[PDB]
Structures are given as C-alpha cells and as structure tokens.
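See below for the structure under consideration.
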Amino acid sequence: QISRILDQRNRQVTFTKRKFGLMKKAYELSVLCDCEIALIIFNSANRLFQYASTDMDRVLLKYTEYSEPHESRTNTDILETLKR
Amino acid sequence: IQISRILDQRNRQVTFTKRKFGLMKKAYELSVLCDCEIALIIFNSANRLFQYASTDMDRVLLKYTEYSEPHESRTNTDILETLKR
C-alpha cells in the first residue's frame, strides 16, 4: 500500500529524512554487530549518495573478491516478505 | 563504551537478522516512495555476504562506476559526528 511521491518538494524532504535514517541504521548495525556495510543511492534526479562503514573502496573490493555464494534480495523479494 | 561489546553475544544472530531486514525494508520503501535505485552490501562478523538492490546489483554497480564522484559520501566517522552535533 506504498506508492511513489509525485510532489517534488514532498519527495525531496522524504528522501533526505529516509536517506539519513538508512545511514543511521547502517551505522548502528555496523557498530552493534561488527558488520561492514556499503549503501549506494541514486535519487530521482540521478544524484549519487553513498555510505560505507569503513570506506567504499574497501567494501566494494571485498564484494568483487567474494568467492563464496551471495545471499541476494531485490524489491520483488522484500515486497513478498512484507505481505506475510 | 566499547561499542562492539554493547550487544549480548547470545542474541547476536537474531539482532543481526532483525536489523538487516529493517535496513532492506527501509531501502525498499525509499526506492518506491522517492523513485531511487539503491544497493546495499552487508558483510556480517562471520564474513557472510548479504545484498540488496532495488533493481539488480549489476545495474546499480555499473551506474556507480559510470559516475565520476559522489554528491554525498559518508562513513561511520561522519555519521557519528552528525549525530553528536
């Protein structure tokens, strides 16, 4: 029951609030549970925003070297889980 | 006050899973509400890789490599500084 915010002012304020919320939660997860986290966000104007718990090059390099299988989710899977 | 010692190691996995899912849920919401493309890469303390992409990971990482520099770049040091203000 969630949809896309059409009004550009209400889109930007919501984007900023939630982008910061995401980074705050990523920070918390990283310190609480000893995780390494990277977050890449392209907004609707195609502006790039990024967060990395350590630094981005480190996390992306680890990502590209990972030999073991990935556990991977997309919007389709998240939306399915949320229905339950 | 050593931040990594805060958590009870007994509930480590459950806390990790709950918060990982919270992060993905919020990423999903942001992507639909604000028309964003989002990728999330998480290595847990046992070095298990978990990933989320709103579209798919190869698409988001390719967009990343075709951009020259971030508009905002943050790490834990910056987030912690902002939170103190």
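For the structure tokens, the naming scheme is as follows: chains receive sequential letters (A, B, ...) according to their order of presentation, residues are indexed from 1 within each chain, and ligands are indexed from 1 in presentation order.
Backbone DSSP of chain A yields strand (DSSP E or B) at residues 36, 37, 38, 39, 40, 41, 42, 48, 49, 50, 51, 52, 71, 72, 73 and 74 of chain A.
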Emit the selected residues as a CSV table (one decimal), in the first residue's frame, including N, CA, C and O atoms.
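And here is the file that came out, result_4.csv:
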```
chain,number,residue,atom,x,y,z
A,36,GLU,N,30.4,-4.9,8.0
A,36,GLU,CA,30.9,-3.9,7.0
A,36,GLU,C,29.7,-3.7,6.0
A,36,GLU,O,29.2,-4.7,5.5
A,37,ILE,N,29.4,-2.4,5.8
A,37,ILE,CA,28.2,-2.1,5.1
A,37,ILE,C,28.5,-1.0,4.1
A,37,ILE,O,29.2,-0.1,4.4
A,38,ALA,N,28.0,-1.2,2.9
A,38,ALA,CA,28.0,-0.1,1.8
A,38,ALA,C,26.6,0.1,1.4
A,38,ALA,O,25.8,-0.8,1.2
A,39,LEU,N,26.3,1.4,1.1
A,39,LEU,CA,25.0,1.8,0.6
A,39,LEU,C,25.2,2.8,-0.5
A,39,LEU,O,26.0,3.8,-0.4
A,40,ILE,N,24.6,2.5,-1.7
A,40,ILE,CA,24.6,3.3,-2.8
A,40,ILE,C,23.2,3.8,-3.2
A,40,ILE,O,22.4,2.9,-3.3
A,41,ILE,N,23.0,5.1,-3.3
A,41,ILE,CA,21.6,5.6,-3.6
A,41,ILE,C,21.7,6.6,-4.7
A,41,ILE,O,22.4,7.6,-4.7
A,42,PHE,N,21.0,6.3,-5.8
A,42,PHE,CA,20.8,7.3,-6.9
A,42,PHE,C,19.3,7.8,-6.7
A,42,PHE,O,18.4,7.0,-6.7
A,48,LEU,N,24.1,10.9,-7.0
A,48,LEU,CA,24.7,9.7,-6.2
A,48,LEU,C,25.0,10.1,-4.8
A,48,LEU,O,25.7,11.1,-4.5
A,49,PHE,N,24.4,9.3,-3.9
A,49,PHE,CA,24.7,9.4,-2.4
A,49,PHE,C,25.3,8.1,-2.0
A,49,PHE,O,24.7,7.0,-2.4
A,50,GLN,N,26.3,8.1,-1.2
A,50,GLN,CA,26.9,6.8,-0.7
A,50,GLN,C,27.3,6.9,0.8
A,50,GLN,O,27.6,7.9,1.3
A,51,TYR,N,27.2,5.7,1.4
A,51,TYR,CA,27.7,5.4,2.7
A,51,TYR,C,28.5,4.1,2.7
A,51,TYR,O,28.2,3.2,2.1
A,52,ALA,N,29.6,4.1,3.5
A,52,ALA,CA,30.3,2.9,3.8
A,52,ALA,C,30.8,2.9,5.2
A,52,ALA,O,31.3,4.0,5.6
A,71,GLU,N,24.1,-14.0,-0.8
A,71,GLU,CA,22.6,-14.1,-0.5
A,71,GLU,C,22.0,-12.8,-0.8
A,71,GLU,O,22.4,-11.7,-0.3
A,72,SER,N,21.1,-12.9,-1.7
A,72,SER,CA,20.7,-11.7,-2.6
A,72,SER,C,19.2,-11.5,-2.6
A,72,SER,O,18.5,-12.5,-2.8
A,73,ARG,N,18.8,-10.3,-2.4
A,73,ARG,CA,17.4,-9.9,-2.4
A,73,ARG,C,17.2,-8.7,-3.3
A,73,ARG,O,18.1,-7.9,-3.5
A,74,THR,N,16.0,-8.6,-3.9
A,74,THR,CA,15.6,-7.5,-4.7
A,74,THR,C,14.2,-7.0,-4.2
A,74,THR,O,13.6,-7.7,-3.3
```
Please identify all polymer residues within 12 Å of residue B:6, counting only C-alpha atoms, omitting same-chain residues fewer than 6 positions from it, and present them as a PyMOL selection string. (chain A and resi 28-29+31-34) or (chain B and resi 12)
Could you please tell me, as number ranges by chain, which residues of chain B have an atom within 6 Å of chain A when using only C-alpha atoms? B: 4, 32-45, 49-54, 70-76
Can you spit out the residues from that selection as a short mmCIF file (atom, residue, chain, number, x, y, z; two decimals), in the first residue's frame, using N, CA and C atoms?
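Saved the output as result-v8.cif:
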```
data_model
loop_
_atom_site.label_atom_id
_atom_site.label_comp_id
_atom_site.auth_asym_id
_atom_site.auth_seq_id
_atom_site.Cartn_x
_atom_site.Cartn_y
_atom_site.Cartn_z
N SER B 4 31.30 -2.29 20.21
CA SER B 4 31.10 -3.67 19.78
C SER B 4 30.85 -4.68 20.91
N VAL B 32 10.74 3.05 -3.57
CA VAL B 32 9.41 3.18 -4.16
C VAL B 32 8.84 4.58 -3.91
N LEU B 33 9.03 5.11 -2.71
CA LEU B 33 8.49 6.43 -2.34
C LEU B 33 9.14 7.55 -3.16
N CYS B 34 10.47 7.50 -3.29
CA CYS B 34 11.25 8.58 -3.88
C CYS B 34 11.86 8.28 -5.25
N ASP B 35 11.49 7.15 -5.86
CA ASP B 35 11.96 6.77 -7.21
C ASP B 35 13.50 6.70 -7.25
N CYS B 36 14.07 5.91 -6.33
CA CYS B 36 15.51 5.73 -6.22
C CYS B 36 15.94 4.35 -6.65
N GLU B 37 17.22 4.25 -6.99
CA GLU B 37 17.88 2.99 -7.20
C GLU B 37 18.89 2.84 -6.06
N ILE B 38 18.78 1.74 -5.33
CA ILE B 38 19.55 1.54 -4.12
C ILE B 38 20.23 0.18 -4.15
N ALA B 39 21.48 0.14 -3.75
CA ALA B 39 22.20 -1.11 -3.49
C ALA B 39 22.72 -1.10 -2.05
N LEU B 40 22.70 -2.27 -1.44
CA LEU B 40 23.14 -2.47 -0.06
C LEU B 40 23.97 -3.73 0.00
N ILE B 41 25.19 -3.63 0.52
CA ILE B 41 26.10 -4.73 0.67
C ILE B 41 26.43 -4.85 2.15
N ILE B 42 26.20 -6.03 2.73
CA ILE B 42 26.47 -6.27 4.15
C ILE B 42 27.31 -7.52 4.34
N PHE B 43 28.46 -7.36 4.96
CA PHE B 43 29.25 -8.50 5.45
C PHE B 43 29.02 -8.60 6.95
N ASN B 44 28.50 -9.74 7.43
CA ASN B 44 28.35 -9.94 8.88
C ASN B 44 29.69 -10.28 9.51
N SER B 45 29.73 -10.45 10.83
CA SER B 45 31.02 -10.69 11.51
C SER B 45 31.66 -12.02 11.13
N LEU B 49 28.14 -12.73 3.13
CA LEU B 49 27.72 -11.61 2.30
C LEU B 49 26.20 -11.63 2.12
N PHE B 50 25.56 -10.51 2.44
CA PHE B 50 24.14 -10.28 2.18
C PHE B 50 24.02 -9.04 1.30
N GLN B 51 23.17 -9.10 0.28
CA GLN B 51 22.99 -7.96 -0.60
C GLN B 51 21.54 -7.70 -0.95
N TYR B 52 21.28 -6.42 -1.18
CA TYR B 52 20.00 -5.96 -1.68
C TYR B 52 20.26 -4.96 -2.80
N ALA B 53 19.44 -5.03 -3.84
CA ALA B 53 19.38 -4.00 -4.87
C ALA B 53 17.92 -3.79 -5.23
N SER B 54 17.51 -2.55 -5.39
CA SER B 54 16.10 -2.25 -5.67
C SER B 54 15.72 -2.81 -7.06
N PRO B 70 30.83 11.09 -5.96
CA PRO B 70 29.56 11.21 -5.21
C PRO B 70 29.15 12.67 -4.96
N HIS B 71 27.85 12.91 -4.93
CA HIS B 71 27.30 14.13 -4.31
C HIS B 71 27.48 14.14 -2.78
N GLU B 72 27.14 13.07 -2.09
CA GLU B 72 27.39 12.93 -0.67
C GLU B 72 28.09 11.62 -0.51
N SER B 73 29.22 11.63 0.19
CA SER B 73 29.87 10.42 0.64
C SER B 73 30.02 10.41 2.16
N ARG B 74 29.61 9.33 2.80
CA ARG B 74 29.66 9.24 4.26
C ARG B 74 30.30 7.92 4.70
N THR B 75 31.00 7.97 5.82
CA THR B 75 31.44 6.80 6.56
C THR B 75 31.00 6.92 8.03
N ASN B 76 31.27 5.88 8.82
CA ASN B 76 30.89 5.84 10.24
C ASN B 76 31.37 7.06 11.03
#
```
